[PDB]
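A quick write-up on the structure given underneath.
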There are 2 protein chains.
Amino acid sequence: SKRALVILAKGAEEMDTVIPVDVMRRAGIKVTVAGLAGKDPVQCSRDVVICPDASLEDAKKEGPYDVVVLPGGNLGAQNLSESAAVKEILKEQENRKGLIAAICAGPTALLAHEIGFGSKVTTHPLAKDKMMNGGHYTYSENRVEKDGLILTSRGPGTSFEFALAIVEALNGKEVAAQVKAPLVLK
Amino acid sequence: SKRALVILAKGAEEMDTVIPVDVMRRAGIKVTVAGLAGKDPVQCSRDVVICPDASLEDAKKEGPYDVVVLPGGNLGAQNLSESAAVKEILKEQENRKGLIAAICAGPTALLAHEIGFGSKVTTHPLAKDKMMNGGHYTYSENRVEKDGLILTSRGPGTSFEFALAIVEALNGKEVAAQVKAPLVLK
């Protein structure tokens, strides 16, 4: 089975977080929800409190992972952007040609860590200016954008599409289709 | 401000749970995530662990609420269906002409507690047979169904629509529209 690392910081967007975790687990991916700050519960942007599976400190010793996922939430993404551990994980994932997936404000952590420059990317509309500072990416308004191993998406409303794109990349089109049907998507 | 009670049981569908909580909080609704079994963390269907705001035992003493929300998840809905506390809360909400909102397998708890008989309802497709046992409701395949004070919806993929229908019912069309735009919905 393929493995996913989802990095969960205070202020993460809980919808951004939970939809990909749940959909990936439906696809038979082994998902580790790793707390940036440790194994304690994390207070998300809209006050949902999620207990991580592990600390990031521990989960990073159990890699490598087939995908590293960066949820959104403006203040969660800020925390991701400021973390040396996140920098190291992303650099190592990029160097081994592993998938990196980020949604909403999450892609701005790619900018902070100098990951995937030159890629076509999307973000939440309100995160475009931050992402584009310095012109290091080319912007897209597609709901999901994938340029090689950099997969990005826009917001809570695009999170199913994002999650299913991760599933397709790791486990193929047929598994994505199978997982999609019972979700009752429009 | 309007107030929402979201009843969280082991085996609840975490997407079903978190999307309505988050969207309602975006709408300025005061949401209480109440643990059916107590204030301890709840293991959802796809293993996301959510810490409730309160036990149901405590939250039911702080009502009444403008909406009672029943998430899905087949095994969460079973727990809701088996709870005397849930029966009492729903009966009292129905008697005071308060909104009751249920998604996915969640509406089957309405059947268990004899709530809203004669209403037009939807469920997840796989929950239709259970919901329809005895012919006490009329079935719909609409993504969101509202018949007076019984609001139902189908699955994770309809959870934004469900949540925005709750917002519209409590806080009006304009607030729902305002909350919807930043979600990046299709």
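Every chain in the structure tokens takes a letter, A first, then B, and so on in the order presented; its residues are numbered from 1, and the ligands are numbered from 1 following the presented order.
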Could you pull out the residues in region 6-116 of chain A that DSSP calls helix (DSSP H, G or I) from the backbone, as a short mmCIF file (atom, residue, chain, number, x, y, z; two decimals) with C-alpha atoms, in the first residue's frame?
data_model
loop_
_atom_site.label_atom_id
_atom_site.label_comp_id
_atom_site.auth_asym_id
_atom_site.auth_seq_id
_atom_site.Cartn_x
_atom_site.Cartn_y
_atom_site.Cartn_z
CA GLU A 14 -10.28 21.31 9.15
CA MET A 15 -12.27 20.62 5.98
CA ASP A 16 -9.02 20.82 3.97
CA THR A 17 -7.54 18.33 6.35
CA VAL A 18 -10.33 15.82 6.93
CA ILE A 19 -11.63 15.43 3.39
CA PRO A 20 -8.22 14.31 2.01
CA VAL A 21 -7.51 12.08 5.02
CA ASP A 22 -10.88 10.34 4.73
CA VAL A 23 -10.85 9.98 0.95
CA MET A 24 -7.28 8.66 0.95
CA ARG A 25 -8.19 6.07 3.60
CA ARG A 26 -11.21 5.05 1.47
CA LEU A 56 5.67 15.04 13.04
CA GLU A 57 8.94 14.34 14.92
CA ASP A 58 8.05 10.66 15.04
CA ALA A 59 6.28 10.39 11.68
CA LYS A 60 9.23 11.85 9.81
CA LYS A 61 11.37 8.89 11.04
CA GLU A 62 8.88 6.42 9.39
CA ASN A 74 -4.09 30.82 6.41
CA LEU A 75 -2.66 30.42 9.92
CA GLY A 76 -1.94 26.67 9.52
CA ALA A 77 -0.05 27.42 6.29
CA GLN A 78 1.94 30.10 8.12
CA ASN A 79 2.97 27.55 10.71
CA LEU A 80 3.95 25.08 7.97
CA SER A 81 5.96 27.83 6.26
CA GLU A 82 7.93 28.63 9.42
CA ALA A 84 12.42 23.73 9.58
CA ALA A 85 11.11 20.15 9.86
CA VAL A 86 8.60 20.85 7.08
CA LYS A 87 11.36 22.40 4.96
CA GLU A 88 13.48 19.24 5.31
CA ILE A 89 10.58 16.86 4.58
CA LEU A 90 9.54 18.75 1.47
CA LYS A 91 13.10 19.08 0.13
CA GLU A 92 13.67 15.39 0.64
CA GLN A 93 10.31 14.53 -1.05
CA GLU A 94 11.12 16.77 -4.02
CA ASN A 95 14.65 15.27 -4.30
CA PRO A 107 0.81 25.96 -1.38
CA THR A 108 2.32 29.10 0.12
CA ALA A 109 4.45 26.77 2.27
CA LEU A 110 5.97 25.53 -1.00
CA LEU A 111 7.05 29.09 -1.70
CA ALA A 112 8.50 29.51 1.81
#
Give me the residues of chain A that have any atom at most 10 Å from an atom of chain B; for each, the nearest atom pair and the distance in Å, rounded to one decimal. Use only C-alpha atoms, sort by chain and number, and format it as CSV.
residue,atom,partner,partner_atom,distance
A:13,CA,B:22,CA,8.8
A:14,CA,B:18,CA,7.0
A:15,CA,B:19,CA,5.9
A:16,CA,B:19,CA,9.6
A:17,CA,B:15,CA,9.7
A:18,CA,B:15,CA,6.3
A:19,CA,B:15,CA,5.9
A:20,CA,B:15,CA,9.5
A:21,CA,B:48,CA,7.9
A:22,CA,B:46,CA,5.5
A:23,CA,B:46,CA,8.6
A:24,CA,B:46,CA,9.4
A:25,CA,B:46,CA,6.6
A:26,CA,B:46,CA,7.6
A:31,CA,B:47,CA,9.8
A:33,CA,B:48,CA,8.5
A:41,CA,B:51,CA,7.9
A:42,CA,B:51,CA,9.4
A:43,CA,B:51,CA,9.5
A:44,CA,B:22,CA,9.7
A:45,CA,B:22,CA,8.6
A:46,CA,B:22,CA,5.5
A:47,CA,B:22,CA,8.0
A:48,CA,B:50,CA,7.2
A:49,CA,B:51,CA,5.3
A:50,CA,B:50,CA,4.7
A:51,CA,B:49,CA,5.3
A:52,CA,B:49,CA,7.5
A:53,CA,B:49,CA,8.6
A:104,CA,B:184,CA,9.7
A:124,CA,B:184,CA,7.9
A:125,CA,B:182,CA,8.3
A:126,CA,B:182,CA,8.7
A:143,CA,B:184,CA,8.4
A:154,CA,B:184,CA,6.9
A:155,CA,B:184,CA,5.6
A:156,CA,B:183,CA,5.4
A:157,CA,B:185,CA,4.3
A:158,CA,B:184,CA,6.5
A:159,CA,B:184,CA,9.5
A:160,CA,B:157,CA,7.6
A:180,CA,B:157,CA,9.0
A:181,CA,B:157,CA,9.6
A:182,CA,B:155,CA,7.8
A:183,CA,B:157,CA,5.2
A:184,CA,B:157,CA,4.9
A:185,CA,B:157,CA,4.3
A:186,CA,B:157,CA,7.1
Next, the residues of the selection above should be written as an mmCIF file, in the first residue's frame with C-alpha atoms.
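Final output, out.cif:
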data_model
loop_
_atom_site.group_PDB
_atom_site.id
_atom_site.type_symbol
_atom_site.label_atom_id
_atom_site.label_comp_id
_atom_site.auth_asym_id
_atom_site.auth_seq_id
_atom_site.Cartn_x
_atom_site.Cartn_y
_atom_site.Cartn_z
ATOM 1 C CA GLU A 13 -8.524 24.345 7.780
ATOM 2 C CA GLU A 14 -10.281 21.314 9.147
ATOM 3 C CA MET A 15 -12.271 20.621 5.979
ATOM 4 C CA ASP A 16 -9.017 20.824 3.966
ATOM 5 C CA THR A 17 -7.543 18.326 6.348
ATOM 6 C CA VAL A 18 -10.331 15.821 6.933
ATOM 7 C CA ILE A 19 -11.628 15.426 3.388
ATOM 8 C CA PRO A 20 -8.221 14.310 2.006
ATOM 9 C CA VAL A 21 -7.515 12.080 5.019
ATOM 10 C CA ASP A 22 -10.880 10.337 4.725
ATOM 11 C CA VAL A 23 -10.849 9.978 0.948
ATOM 12 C CA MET A 24 -7.282 8.664 0.945
ATOM 13 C CA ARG A 25 -8.187 6.066 3.600
ATOM 14 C CA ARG A 26 -11.211 5.051 1.470
ATOM 15 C CA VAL A 31 -2.444 7.910 6.090
ATOM 16 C CA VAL A 33 -1.958 12.565 10.425
ATOM 17 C CA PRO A 41 -4.676 17.707 19.874
ATOM 18 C CA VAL A 42 -4.708 20.457 17.263
ATOM 19 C CA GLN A 43 -7.162 23.376 17.240
ATOM 20 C CA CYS A 44 -8.116 23.987 13.667
ATOM 21 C CA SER A 45 -9.194 27.260 12.101
ATOM 22 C CA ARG A 46 -12.940 26.824 12.859
ATOM 23 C CA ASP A 47 -12.222 25.315 16.273
ATOM 24 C CA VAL A 48 -12.583 21.656 15.404
ATOM 25 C CA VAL A 49 -10.016 19.801 17.529
ATOM 26 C CA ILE A 50 -8.299 16.870 15.848
ATOM 27 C CA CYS A 51 -6.057 14.367 17.615
ATOM 28 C CA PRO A 52 -3.079 13.486 15.423
ATOM 29 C CA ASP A 53 -1.961 9.933 14.882
ATOM 30 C CA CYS A 104 -5.903 26.528 -0.367
ATOM 31 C CA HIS A 124 -7.231 29.870 -2.804
ATOM 32 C CA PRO A 125 -7.935 33.151 -4.573
ATOM 33 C CA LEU A 126 -6.996 35.107 -1.453
ATOM 34 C CA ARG A 143 -9.849 23.742 -9.433
ATOM 35 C CA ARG A 154 -8.092 25.965 -4.301
ATOM 36 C CA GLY A 155 -10.369 25.576 -1.298
ATOM 37 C CA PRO A 156 -12.759 23.525 0.800
ATOM 38 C CA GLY A 157 -15.115 23.276 -2.191
ATOM 39 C CA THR A 158 -12.371 21.724 -4.331
ATOM 40 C CA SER A 159 -11.122 19.336 -1.607
ATOM 41 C CA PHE A 160 -12.900 16.223 -2.943
ATOM 42 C CA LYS A 180 -15.770 8.677 -5.893
ATOM 43 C CA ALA A 181 -19.120 6.982 -6.546
ATOM 44 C CA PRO A 182 -20.267 6.500 -2.928
ATOM 45 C CA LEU A 183 -19.377 10.119 -2.078
ATOM 46 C CA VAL A 184 -22.398 11.433 -4.027
ATOM 47 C CA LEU A 185 -20.420 14.144 -5.834
ATOM 48 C CA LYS A 186 -22.001 16.575 -8.321
#
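Residues with any atom within 7 Å of residue 35 (chain A), counting only C-alpha atoms and excluding same-chain neighbours fewer than 5 positions away, are residues 7, 8, 9, 52, 54, 55 and 56 of chain A.
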>> Let me make sure I understand: among A:167, A:151, A:115, A:177, which one has the smallest atom-to-atom distance to residue 28 (chain A) if we use only C-alpha atoms?
In response: A:167
> Can you list, as a count of residues only, every residue of region 39-172 of chain B that DSSP puts in strand (DSSP E or B)?
Replying inline: 28
> Got a sec: who's within 12 Å of residue 99 (chain A), counting only C-alpha atoms, leaving out chain neighbours fewer than 3 positions off, as a ChimeraX atom specification?
Replying inline: /A:2-5,64-70,89-96,102,115-116,146-152,165-170
